[PDB]
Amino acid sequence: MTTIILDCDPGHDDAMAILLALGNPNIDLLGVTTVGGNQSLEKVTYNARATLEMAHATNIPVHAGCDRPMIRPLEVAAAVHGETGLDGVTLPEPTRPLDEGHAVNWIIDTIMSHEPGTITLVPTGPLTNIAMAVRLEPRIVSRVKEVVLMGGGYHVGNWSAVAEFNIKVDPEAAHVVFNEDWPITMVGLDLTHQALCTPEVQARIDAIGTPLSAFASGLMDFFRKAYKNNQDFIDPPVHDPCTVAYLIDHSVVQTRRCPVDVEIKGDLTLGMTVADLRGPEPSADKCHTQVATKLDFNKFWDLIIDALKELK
């Protein structure tokens, strides 16, 4: 079956990815690992545990990982007295204490103890934990089935004209990940900007009528608030769960093989995922990387809705 480690930084988008992974029976979520850099490790680790608590999934391990980028300095806003959890919603306090041990060591021990070719890594934050794991244990690379990450963009940027937040937070770590010989699917902004939270989608979620569906709808209210000054969007996109959607059903997220590398020296282009789209599509044999292109909007939202129904 599809057996995953979800490496994330919740994050309202990551919370939606957690719900999809838990609610779909074709996904075996081995555990959650967290990474600081976009926001503080402490904040996102709490949010991951509280989200899992909300879904009665406290039997899923959570391990905290790296709190800053490999090389460049940490750039997160100062912690606020009177902020816990995810903005705009309420989550129960986690009943299980955080599992002990660094996420990087847990990722390594897990991959080395399971059969080769069975674990899929699903990074939806900066790539720091993944890069660190690779360097600490190079033998994980050939053992991993696939890496399906939310990050980048071949013709679209958000943080800059050409670069995306997860990659730019730790471009060096991204460079490591993209230059290892493992199969990678880059679920970038080109794809995720199609995953629009339209009124009709949200109404179908609202109608489920459970605490979890109300939670998911609350996440979508936050996306709308976050995107309120962004005139490219009437309705906001949701990013991270598109990775899990791809793994559930490849037809939901079309892909195109191409070389992809990360720019780590440029002024204007720092953090760009440079996709070489010249010439015809190379074979999987010749090209270990592929970019996500076209979303099946209708099937994507059906996956979300079905997962929320299954969780009850």
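Don't overthink the numbering: it's just position in the shown sequence, from 1.
The stretch 227 to 235 shows the higher mean C-alpha B-factor when 227 to 235 is compared against 179 to 187 in the entry.
In this entry, the higher average B-factor at the C-alpha atoms falls on 198 to 206, of the pair 198 to 206 and 236 to 244. Per the PDB entry, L311 shows the highest C-alpha temperature factor of the residues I4, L311, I305, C8. Comparing the listed residues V169, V76, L121, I140, the entry records the largest Cα B-factor for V76.
Annotation for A275: CA B-factor lies in the lowest third of the chain's modelled residues. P259: CA B factor lies in the middle third for its chain, per the PDB record. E146: CA B factor in the middle third of modelled residues in this chain (values from the PDB entry). When the modelled residues of the chain are ordered by C-alpha B-factor, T33 sits in the lowest third. Among the modelled residues of its chain, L52 has a C-alpha B-factor that falls in the middle third, as given in the PDB entry.
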